[PDB]
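Report on the structure given below.
All values below come from the heavy atoms of this structure, side chains included, with hydrogens, waters and symmetry mates left out. Per chain, numbering begins at 1; letters A, B, ... match sequence-line order.
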2 protein chains.
Amino acid sequence: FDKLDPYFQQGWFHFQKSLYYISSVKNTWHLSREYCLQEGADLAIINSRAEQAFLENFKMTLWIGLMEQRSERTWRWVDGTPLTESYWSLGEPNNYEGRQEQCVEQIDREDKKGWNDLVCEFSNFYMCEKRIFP
Amino acid sequence: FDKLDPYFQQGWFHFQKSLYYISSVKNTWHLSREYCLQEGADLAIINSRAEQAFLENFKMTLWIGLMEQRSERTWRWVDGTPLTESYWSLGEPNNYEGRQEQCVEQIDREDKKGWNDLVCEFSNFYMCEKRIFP
Ligand SMILES: OC[C@H]1O[C@H](O)[C@H](O)[C@@H](O)[C@@H]1O
Ligand SMILES: OC[C@H]1O[C@H](O)[C@H](O)[C@@H](O)[C@@H]1O
Ligand SMILES: [Ca+2]
Ligand SMILES: [Ca+2]
Ligand SMILES: [Ca+2]
Ligand SMILES: [Ca+2]
C-alpha cells in the first residue's frame, strides 16, 4: 500500500503484482507507448492466460506492448522478449488487405476476441503496465 | 496480499481497499446484484471522487449498487447508506418518459457521462465490489 496508494490516487489499479492504467484518449501505437514510458512504465505485456483474460474482460479495443520485428512477421514485446504464448484472434496476424500491420491491439468484437495486428498509425485506447513486485 | 490471489485468478482486480469484478454478461439490476452477493460481495458503492473516476474510466455502461427507496426519488446504496455525494449525469435522475427508473447505471455516452436512473428490468454489464482491507 505504501507502494500502491500514490498510483491508485492517479487511477491505476492492481492485478497480480502489476499496476495497470487505461488511457482516457486514443492514440497511435507509438504515442500511446510514449505516454506509458513517461509514467515509468510501458505498454502492457501479456505473460499468462489469466492476464489475457483480465485484458479481454475490459471489452475495450486496446493497444498492447507487442510489435513486429521490421516486416519479418515475428514479434517482440516492448521489454525485448520474443513472443512465446500468443492469443491471436482467428485469422490473425494477417497484414490485412496488404497493409503494414506492425503493431498489436486487443480487439473488442462480436464473435472475434483476442489480438489483431494493425497499422501503427491508427488510434486506440491503450493500457500501460508497471511491475511493482517480482 | 496472498488473500487477493484466488480473486485475481477469477478476474477480480484491486483498487484502494476493494476488489472489483466486471461481468462478462448483461443482466437485470436484480440478477446482477444476486451474482455479486453469491461471490460474497455486492454491487459497487461509489464512496469518493477517485472511485467515481476509476468507474468512469472503464468506458462501460455498468449497473452500480444504488437504488431508489420505493418511488420516493431518494436513494440508498446496497450497503444501506443514504446517498450523499452524487455523480448524476446532466438531467438525471429523471424517470424518463414516465417509466419507473429505480435502479442506477453508470452511462458511457457522448457528451453525457455519469449516473443515470434506469428501469431495473433492463440489462447492463455490472460491477461487483468487495471490501478486503479495513
Ligand atoms: O481495420 C483493420 C482490421 O480490419 C479487420 O478487422 C481485419 O479483421 C483485421 O485483420 C484488420 O487488421
Ligand atoms: O433509455 C433510457 C434512458 O434514455 C435516455 O438516455 C435518457 O437520457 C435517460 O434518462 C433514460 O434513463
Ligand atoms: Ca504483464
Ligand atoms: Ca490484422
Ligand atoms: Ca466503494
Ligand atoms: Ca434516467
So the disulfide bond (SG atoms under 2.5 Å apart) pairs with at least one residue in residues 32-91 of chain B (sequence neighbours excluded) are B:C36-B:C128
Honestly, the part of B:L19 sitting under 4.5 Å from a heavy atom of chain A is neither
According to a hydrophobic-cluster definition based on side-chain heavy atoms being under 4.5 Å apart (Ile, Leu, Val, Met, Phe, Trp, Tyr only), do B:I107 and B:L118 belong together? no
Here the pair of heavy atoms bringing A:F1 nearest to B:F1 is N-CZ, 4.2 Å
Bottom line for A:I22: the part with an atom under 4.5 Å from chain B's heavy atoms is both
Taking the side chain as every heavy atom from C-beta outward, state whether B:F54 and A:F8 have any atom pair closer than 4.5 Å.
no
Donor-acceptor table for chain B and chain A, threshold 3.5 Å:
{"residue": "B:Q9", "atom": "OE1", "partner": "A:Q16", "partner atom": "NE2", "Å": "2.9"}
{"residue": "B:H14", "atom": "N", "partner": "A:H14", "partner atom": "O", "Å": "2.8"}
{"residue": "B:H14", "atom": "O", "partner": "A:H14", "partner atom": "N", "Å": "2.9"}
{"residue": "B:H14", "atom": "ND1", "partner": "A:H14", "partner atom": "ND1", "Å": "2.8"}
{"residue": "B:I22", "atom": "O", "partner": "A:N57", "partner atom": "ND2", "Å": "2.8"}
{"residue": "B:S23", "atom": "O", "partner": "A:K59", "partner atom": "NZ", "Å": "2.8"}
{"residue": "B:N57", "atom": "ND2", "partner": "A:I22", "partner atom": "O", "Å": "2.8"}
{"residue": "B:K59", "atom": "NZ", "partner": "A:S23", "partner atom": "O", "Å": "2.8"}

ask   = Hey, any chance A:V119 and A:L31 share a hydrophobic cluster, counting ILVMFWY side chains that come within less than 4.5 Å of each other, even indirectly?
value = no
| query | Hey, quick one: are A:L55 and A:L90 part of the same hydrophobic cluster, counting side-chain heavy atoms closer than 4.5 Å, chains of contacts allowed? | reply | no
Turns out that what part of A:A53 lies under 4.5 Å from chain B's heavy atoms comes down to neither
Discussion item. Are B:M127 and B:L37 linked, directly or through intermediate hydrophobic residues, by side-chain heavy-atom contacts shorter than 4.5 Å (ILVMFWY only)?
Written reply: no
Disulfide bond (SG atoms under 2.5 Å apart) pairs touching residues 45-101 of chain B, sequence neighbours excluded, are none
Cut-off 4.5 Å, heavy atoms of chain B, and the answer for A:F15 is both
The complete set of disulfide bond (SG atoms under 2.5 Å apart) pairs with one or both residues in residues 83-127 of chain B, sequence neighbours excluded, reads B:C103-B:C120
